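This text opens with one protein chain seen in two forms, each one given by itself as structure tokens under the names structure 1 and structure 2.
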Structure 1
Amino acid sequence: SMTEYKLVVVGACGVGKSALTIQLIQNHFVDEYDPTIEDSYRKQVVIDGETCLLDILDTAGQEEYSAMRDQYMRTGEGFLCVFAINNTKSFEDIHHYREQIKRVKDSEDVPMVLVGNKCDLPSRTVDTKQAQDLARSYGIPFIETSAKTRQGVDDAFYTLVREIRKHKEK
């Protein structure tokens, strides 16, 4: 059967992990704030001419439960690390997620994409160059998104699948 990819979406509360995931899966924008406990979704897609099954874990941004993330980090194959362009704290939180993934997986080669979300909003506080430099230092792609307008949504998840494919064949 088609290959399944276990993707995990991580980042601070409110950055739009659920809004991005629900746009990908359900093609609508959730304007209300329903902070996540943990949700899973499945979708078949075609990426570079190859049909595959996305298994997406949408995680909580709650700072209180950082120790509870190790389990799903061991299970996940690739990680979307999401911050909001109008939330500098969420960008600073990215480093801790990346380091936690690197620690739990014991690898620098974990498939990962840095996602700067909410690019439809006017109040930018994280410079695009800041995020580009960080992604380059990690050696991972950087994608700007808006769950509200759908800009970059497919690109973010599909790029992560491409990173997993490169990793499985390296």
Structure 2
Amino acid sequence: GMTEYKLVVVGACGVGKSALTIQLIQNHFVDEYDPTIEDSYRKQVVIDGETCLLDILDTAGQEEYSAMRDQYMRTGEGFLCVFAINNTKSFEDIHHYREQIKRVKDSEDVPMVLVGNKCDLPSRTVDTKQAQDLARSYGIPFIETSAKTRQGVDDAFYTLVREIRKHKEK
């Protein structure tokens, strides 16, 4: 089979994980999607000439059993860590997601991309500089996105695939 990249989208409730995923898969903005639904989605794409499958888990937070969270973190190859640029708490929550994924995977080398979503809004509490400072400390890419306009969406997901490829070559 063609290569499949297992991607996981994490971040506080309300940041736009479902809207980003639906824009990536369906190329539509869905402005209302039940915050409590967690599901996977698939898309066959071409990234840098490689025909591959993106198998994306759109997370929704706590699970019935914490073993389910640990399972998807171990299964996932790369993580989109999403905050919203007008929600400081969602940005502070990135520290928890970064820690938890490394902790579960028991790894100091986990492919991740920091995503600052809702960049179409002038209303902002997290400046680009502050998010760049955090991504610099993690040694990962940072991309500002808008699930509404689709700005940065393919970049965020395709960059994560490229980070997974760099990890595999070691």
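Take the two forms, superpose them, and find the largest set of C-alpha atoms that agree within 1.5 Å; that set is the rigid core. Each residue is numbered by where it sits in the sequence of structure 1, with counting from 1.
Asker: At a threshold of 2 angstroms on the CA positions, core aligned, which residue out of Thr125, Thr128, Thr51, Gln62 shifts between the two structures?
Answerer: C-alpha shift of at least 2 Å: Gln62.
Asker: Once the rigid core is superposed, tell me how far the Cα of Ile37 moves between the two structures, in Å to one decimal.
Answerer: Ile37 C-alpha displacement between the two structures, core-aligned: 2.6 Å.
Asker: For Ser107, what C-alpha shift in Å is seen between the two structures once the core is overlaid?
Answerer: Displacement of the C-alpha, rigid core superposed: 1.2 Å.
Asker: Quick one: CA shift at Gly14 between the two structures, core fit, Å?
Answerer: With the cores aligned, its C-alpha sits 0.4 Å away.
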